[PDB]
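These notes are about the structure you will find just below.
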Amino acid sequence: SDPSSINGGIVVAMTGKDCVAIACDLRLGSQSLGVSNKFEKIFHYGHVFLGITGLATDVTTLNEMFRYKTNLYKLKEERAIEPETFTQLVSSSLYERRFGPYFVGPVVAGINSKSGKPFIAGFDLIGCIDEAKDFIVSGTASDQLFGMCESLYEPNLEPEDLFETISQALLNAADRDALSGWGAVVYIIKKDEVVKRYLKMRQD
Amino acid sequence: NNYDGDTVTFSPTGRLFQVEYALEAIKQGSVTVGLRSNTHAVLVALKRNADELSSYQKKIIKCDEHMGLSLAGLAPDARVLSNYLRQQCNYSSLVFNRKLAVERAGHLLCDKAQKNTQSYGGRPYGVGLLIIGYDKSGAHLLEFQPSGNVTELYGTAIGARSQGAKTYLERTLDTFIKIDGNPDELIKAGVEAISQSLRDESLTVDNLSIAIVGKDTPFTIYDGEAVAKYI
Amino acid sequence: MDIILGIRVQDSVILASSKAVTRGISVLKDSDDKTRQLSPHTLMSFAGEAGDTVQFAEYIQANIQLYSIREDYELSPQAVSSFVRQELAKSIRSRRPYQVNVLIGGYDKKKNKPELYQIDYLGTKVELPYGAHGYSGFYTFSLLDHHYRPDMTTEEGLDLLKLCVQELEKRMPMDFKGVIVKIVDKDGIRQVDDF
Amino acid sequence: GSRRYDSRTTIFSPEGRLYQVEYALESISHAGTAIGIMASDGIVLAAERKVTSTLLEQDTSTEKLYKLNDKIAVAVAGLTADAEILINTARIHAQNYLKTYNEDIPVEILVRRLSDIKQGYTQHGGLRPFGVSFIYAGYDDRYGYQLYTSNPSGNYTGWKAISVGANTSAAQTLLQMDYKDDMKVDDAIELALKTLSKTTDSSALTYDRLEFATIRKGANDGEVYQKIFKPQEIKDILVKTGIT
Amino acid sequence: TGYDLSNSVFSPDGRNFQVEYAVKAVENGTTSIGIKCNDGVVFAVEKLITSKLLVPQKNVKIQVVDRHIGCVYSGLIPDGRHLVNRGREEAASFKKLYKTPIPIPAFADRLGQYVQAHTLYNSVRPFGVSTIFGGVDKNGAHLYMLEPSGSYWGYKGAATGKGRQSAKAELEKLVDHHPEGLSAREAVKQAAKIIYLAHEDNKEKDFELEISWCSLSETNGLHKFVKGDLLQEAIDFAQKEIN
Amino acid sequence: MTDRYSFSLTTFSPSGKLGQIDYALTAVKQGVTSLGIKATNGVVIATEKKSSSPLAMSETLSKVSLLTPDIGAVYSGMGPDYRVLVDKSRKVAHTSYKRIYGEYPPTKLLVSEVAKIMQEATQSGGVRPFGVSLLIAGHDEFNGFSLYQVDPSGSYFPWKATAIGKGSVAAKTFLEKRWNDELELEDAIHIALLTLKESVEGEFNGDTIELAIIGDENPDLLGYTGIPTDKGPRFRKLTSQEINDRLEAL
Amino acid sequence: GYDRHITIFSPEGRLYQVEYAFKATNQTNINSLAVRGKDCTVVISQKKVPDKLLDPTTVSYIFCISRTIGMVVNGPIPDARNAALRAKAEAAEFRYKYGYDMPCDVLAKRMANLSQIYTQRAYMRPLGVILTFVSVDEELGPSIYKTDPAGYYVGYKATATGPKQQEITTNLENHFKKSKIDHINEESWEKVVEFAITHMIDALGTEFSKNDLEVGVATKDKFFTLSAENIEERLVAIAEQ
Amino acid sequence: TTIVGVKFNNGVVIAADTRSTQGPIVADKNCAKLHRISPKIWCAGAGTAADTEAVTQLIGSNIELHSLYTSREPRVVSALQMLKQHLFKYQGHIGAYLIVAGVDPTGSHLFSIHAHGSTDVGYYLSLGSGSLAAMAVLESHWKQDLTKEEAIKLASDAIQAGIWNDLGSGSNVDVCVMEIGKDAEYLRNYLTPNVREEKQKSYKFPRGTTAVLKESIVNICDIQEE
Amino acid sequence: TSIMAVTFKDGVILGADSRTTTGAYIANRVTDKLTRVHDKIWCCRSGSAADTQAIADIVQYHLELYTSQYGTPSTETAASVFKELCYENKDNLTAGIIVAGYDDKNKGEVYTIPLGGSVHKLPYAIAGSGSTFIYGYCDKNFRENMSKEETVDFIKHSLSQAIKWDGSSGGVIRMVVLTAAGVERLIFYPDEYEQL
């Protein structure tokens, strides 16, 4: 119907104390038929994490687009790109095709290595920088997510406190939604290591 | 010389070499004459063979039904000029329903010729024309040089040893301009004019070409038998 | 709508496509394949829009074989899957959309692994243990999930397929007139004659 | 028009040869010396950069080593200028390929692209040819470590060691005495530097006149690593071989 | 040197050699003049009769631009017809946009930049013609003579062609006997006298006189060819004065 | 027309030289002497501005241009060439970087654009190479300060300090001795004037000399107090008044 | 050879052609002075009409570019008309894109950049003319910029141009060392016309009447040029002092 | 959305709220909608949030380019005239609704510009979805010859007018003061009302409560030396 | 939006309102609708405020260029400028512009450019949305030739009838006087005229 609802997917992200956490679900459907139980909608360029949701194809194309752009940068400046900088790039590619645009909703989460600051941002279809220091939600149960987190989330958390919040909040919302579920993946991103953890959760 | 190699370069004399080399090239070709009264205009042209077994080349091009030309010089570059003249005659009639005045055509061939000597990477069109044609405002004969100057005459000739025909025509000037509505005698004057310029090659039936356009006479080429009456 | 099934058995791919070619009100022809062998070790099957389906099949078949004679060596089925996705991406923004859904099954000789991919028409590649396009998906995704064991041998897999046609035939509303089957396994590309 | 200003930079001479192209070979042989050695267990690239005073910057130097994508590097002999443009284009090409086939460009194809670009300045367009020859060091899946050199004409070929720049004569003779197939990365590193010690006209090969880089498929399991030494790891490996 | 083989390259003197060569090819052309009146302008040119085979009054060399500007030229006659073509474009386009006949100091700049253009590039050949052109607008008379340099100036009269030195002499006489101007009907007659006398030096072949005028009073600001009686009288008035 | 200035003017000569490129470096050797020194906490670049004539005042003329908030530039060579380069240099910096990354370019990338202009002017026929050497001095967050020197062929090198221009060879051995790697911002500035006084013979005042630093961030020149995340510009041309003080410290 | 007929480096270091454009400048033998006042700028140029036929109202070397910007050009008149047209276009263009009259400085810098492309390109020759632009800008006051066939320029306190410009040059030098001000102090713009014409007669030594001069004056928000009546009436005022 | 702009005797003050809405759901509680063309020309925006912020960026570079090139402060008019042209070239798809204000050498200025390329001046203008609410308060209290300290009081109350009666106005209230002949001052979070009341209890959970399937450590660090 | 402009003996006086509606809600209450395109040739814009304001500058540009090459342009000329941009882009621009100017040669002249785009010289024009209600009062009471004083009244009373019957017109009336003597702005606040 709407291009945005043709495969669902949700992405949430939160900042915490000396760590951030980004999380999606695994489900990739075509309308009411669920197609596959795999499919990651988080990707990672350096120590930045970029999760993209919505209209099936453009998630993919727009991914090998950021692969292509991140690469050319690390060959020029001989470093790894910093999240503050990366946020500007996602706006700037998006806005390029204003008309006929991509139906996506990408969400950036990483840590600035030079200052130690956690840092998240959001976008839209057209694509504007969405500042926050709390948390950003995105997708087709973006309304439903939005209340849930706000409720739970305590300003500042410990890296394994944080891991409890984003979990219950990400689970419960996917079971009140028709195009999501089917397991979920929650990443906890610290100044040294990345953990990828799968979530035991109700199919249906 | 030293300025010849480019058409671009105007020489410290004050004449363009290339345009004089074009102008030279016509004097080497086959001889041709045109003359006109007030009712008719004739062209008489000498055709030449490439050897014995070769047939005789055609110098007289039907451009339309009240105009034509003859060529003398580069025959390839004549087919380009004459295809322009086609288009432009039809163009006028299509859009504005109007036969192209003979006078008007003159500037339009000049202008296109001029255009190709100023630009780089051009060369002159190395060919001269006599344009004859009978329109609304009477008979005209314009002579197109490769220089681009269009001149309106009672008679002329261009090609080889044409001074001989001029000389003859300036004696007869007063005879034939008074001859009017007599196509057979008008044509006779032209054939006699080309005899003076001839160095050998007696006029046979497949050397001579005669064209006449006139008051009510659409542009008709004579060869074969039709010129056996006028030898 | 034409039927087109996939299933990835323990060391082979079995693709199966419908025989019926139905333009307008009448079935023109009933023995026509809808598959083009890309490479000695890749098969691509295709169905969707009338007339588009054919042009977009040779367009890939040429460009792929061109890379194989330039390098004297075929691209891994893993890569060939991506190349298709690319052109089906570019075609949805273009003045004319193509509208073709494709299954690429190929036997990866380096990994010694058989792989299957489902590329829908918008432009999404997705690796799958088994899949389908069209209305076929609705009826066979439930039959396969009951019985598919990863361990099955090439011969269990055939016998699973013969359940899957006979299913479609009870519930479908349009004839399709039995499939052709093909195997792609490490030893080359052969065709079973028995449905 | 422009007849008097004609430079005809693409015409055959009566010899059957191409003049501006021979002249470009010349150019490349003045430049500072680079050498390559393929081992069975890596590829070494060691280059000497030139016209260097203590006052010139030393630590942050790049003029001779450039990374392409994680498995492929080049060393460059000739005009720095010319070479940049053919790097920019190459980088973009590498990536293009990755966005279309999701796997890295083979070393073969990458060099076949660059050589055509070079050819095509000498077909038409009266442009002057490039003042470049590369060494390419690469690691794909279907051949292992592969070394390639390329010429300003187009021509490119395979090697087990090669050099370019100044004293290719002097360098290539020594190299035929001394290659052996057991070669390790410690053996190959040594036989590299020393060839440059003998053929440098400088007073001595020293750690401030070198740029140095390896590519091992070893070093952290099978996963291909690349190391571009800092000027404190060249000083330590100039002392391991006792040049000083 | 080598600057004579080239087009539009400065030599060490500052000179452009090509442009000075263009003047050589003007001196070959026929004499022509323009006389500025108190209220109009007159042009005349000397048309050498080559042979008894030309037709009287058809090879006219005075080409009119729009409906109120006369142009006459000497030097290579084709070049001239191109310079004039071009002026028609410039005329018609100015009138489409601003809808008033083009002013004559306007018209002067447009032609001027176009001359001038052919000394920027050395791929095109400079124009071997000098043109006298002008006419009348709501500001009045203006007269202009154009050179292969890209220069024009305002004049009281002007002259170019073969006998131009003869002309320039006689011209100044006409300015010093009339410090208050010459009026329209008279100036045609004087025109003739200056052409018949300037043809003393070119007296190899017969000629024909050809005159034109555009005046605020006589013709309603349009241009026309002088014809009929007043053409006849002015032919007879020149021919008795040189005798 | 048939414009055919397509073919490159520069060629290689039998001898493995690039004939024009060699000539251009002569046109850099005749221009006016200038220098750059890099320190611990800043850079200084300096030249002389010499009046064409007396009635002229070269105040309006600037031989020191800000490129971006952190990267200043000073040249030796041809007057016009330096100016046109700088305007294209700016324009490209905001199109292929600043738009598409937020921040201004890092130092060593902007030079790579500058060089890619200069390459073209010898490859694509019909144009003679530029006749200037640039110093580009600058400072970004990651790499610290730096200094780079850009030849008209397209070659660029980083430096610790350098000079170029008329008395370049002279000034250069005078830099070698005086330089060390522990230099106050201040003490760099005192060397600059001394070194510019050896190889210059014109008048010495604040109005013919130019000094400029890349230094610390100024919140004076921020333009807009009241947001701390903005720190404000590092380039800062030194006022006339300050120089006359530093001339007691020659 | 090749170098002495187009724009590429010599083995010298010196573009020959470019340098020849400067010899080219001084072929009309016209001498120009431009001085600044407190509120104005004056520039005066000899007007020498060679013949009786040429009309004296159309001989000029001062062109009016916009409201506030006059320019005197020195050299061959084809090139001058090419500079004038081109100047005008730019004038127009600026005012439309940013919505305020192009200040003088910007215009000067624009024809200098525009000069520059002409020497680097191979098929364009550079135009043999020196351009002097005058105005009372809106924020900077009286201003002079003088631009040169290379594309060089710099500002000025006063200027001279022509063949015999060395006389005027050095006259002006004595004047500003003595007074120790930048610009002629006098407040009126009558007054500084008077200084200007007087200083010219004295620097070249030759007397001038009402037909040998041509004045431009620029004040704040209007440029005008003076008629033969106002040059003559100002020569009267000069003799009485 | 509410952005007012009030002139006063020596300058201009531009003020806004921070709530950014997308539909009925409140996207982000804080967001400075004040942007900076140039150090003395601010603009804030209303309408589509992408389309200002992109077009404020693009006319920034060119004015920042242009200001170096003519070597003088940039002038308000210029930014305005540039905007006016760029918006008019697309027939008003770019849903921009900008207040551009600023000081410069030639005085105080304050403009408004609607998507199609219409442009107005005024002494007090307002845009956004509250604007009618704000506009009211202005048309009563505003008078001639204001000072600085008064005019900021007028601005805040007009935003507060927003906050209370418009749904898309909430939260913090930014300001930015520009006065002729000084640096401009940014006063972010000048008025903070409706602080969030505390929660009734904590919601921290127990470690180990959410069941997990399995874990991995997936190292993003570039290939290590050994 | 009510714009008119009226000729007299000594020149021509242009007169406008200053309200700018967009539907119910009034956008601006003090809009200058009288715009300079030369220095003695003024215009009135009506219709879609965007489409005229864009034209208003582009006309200002062509003219400024024509000054600097040819000298001043007659009012006639300037009117033609508006023509050739409106005739070619007639699809998507909807402009009613009145061009009035005072040459010293032929005194005040008015041309109106209706929406089709064509020139028409008139001895007085009325245009805009609100003006339809005042066609009749203007026609009856227009005397040919007037003194400066009378005109100022003929335009005051005209526009005030317009304001009164139209929802889209109000504010203050601005008038611009073009004579030989220069350009004088005159302004009448609502209390001076709604009582008359």
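Per-chain numbering from 1; labels A, B, C, D, E, F, G, H and I assigned in written order.
Keep this in mind: a contact is a pair of C-beta atoms (placed from the backbone, for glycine too) under 8 Å apart; a residue touches a chain by one contact, two chains touch by 3 or more.
Listed by chain with UniProt protein names: A = Proteasome subunit beta type-3; B = Proteasome subunit alpha type-6; C = Proteasome subunit beta type-4; D = Proteasome subunit alpha type-3; E = Probable proteasome subunit alpha type-7; F = Proteasome subunit alpha type-2; G = Proteasome subunit alpha type-1; H = Proteasome subunit beta type-2; I = Proteasome subunit beta type-1.
Visitor: Going by the stated contact rule, which chains contact chain A and chain G alike?
Guide: The shared contacts of chain A and chain G, listed by label, come to D, F, H.
Visitor: So what's the Cα centroid distance for chain D and chain E, whole Å?
Guide: About 71 Å separates the centre of chain D from that of chain E.
Visitor: With chain centres defined as C-alpha means, what is the inter-centre distance between chain C and chain F in Å?
Guide: The mean C-alpha positions of chain C and chain F differ by 63 Å.
Visitor: In angstrom, rounded to a whole number, how far apart do the mean CA points of chain E and chain I lie?
Guide: Computed from C-alpha means, the inter-chain centre distance equals 47 Å.
Visitor: Indicate the whole-number Å distance between the mean C-alpha point of chain D and the mean C-alpha point of chain F.
Guide: Chain centres of chain D and chain F, defined by C-alpha means, are spaced 31 Å apart.
Visitor: Residues of chain A touching 2+ other chains?
Guide: Not one residue of chain A touches more than one other chain, so the list is empty.
Visitor: Touching at least two other chains at once: which residues of chain D meet that condition?
Guide: Residues 1-2, 4-5, 102 of chain D touch two or more partner chains.
Visitor: Multi-chain contacts in chain E: which residues touch at least two other chains?
Guide: 5-6, 109, 121-124
Visitor: Considering every pair of chains, which are in touch?
Guide: A-C, A-D, A-F, A-H, B-D, B-E, B-F, C-D, D-E, D-F, D-G, D-H, E-F, E-G, E-I, F-G, F-H, G-H, G-I, H-I
Visitor: Give the list of chain F residues in touch with chain B in this complex.
Guide: My answer: residues 1-2.
Visitor: Which bits of chain F are touching chain A when the two form their complex?
Guide: On the chain F side, the touching residues are 99-103, 106, 108-109, 112, 141-142.
Visitor: Taking the complex as given, what residues does chain F use to touch chain H?
Guide: 66, 87, 90-91, 94-95, 98-99, 222-227
Visitor: Under the stated contact criterion, what part of chain H meets chain G in this complex?
Guide: 66, 69-72, 75, 77-78, 80-82, 85, 105-106
Visitor: Of all residues in chain I, which touch chain G in the complex?
Guide: 57-58, 60-61, 64-65, 68-69
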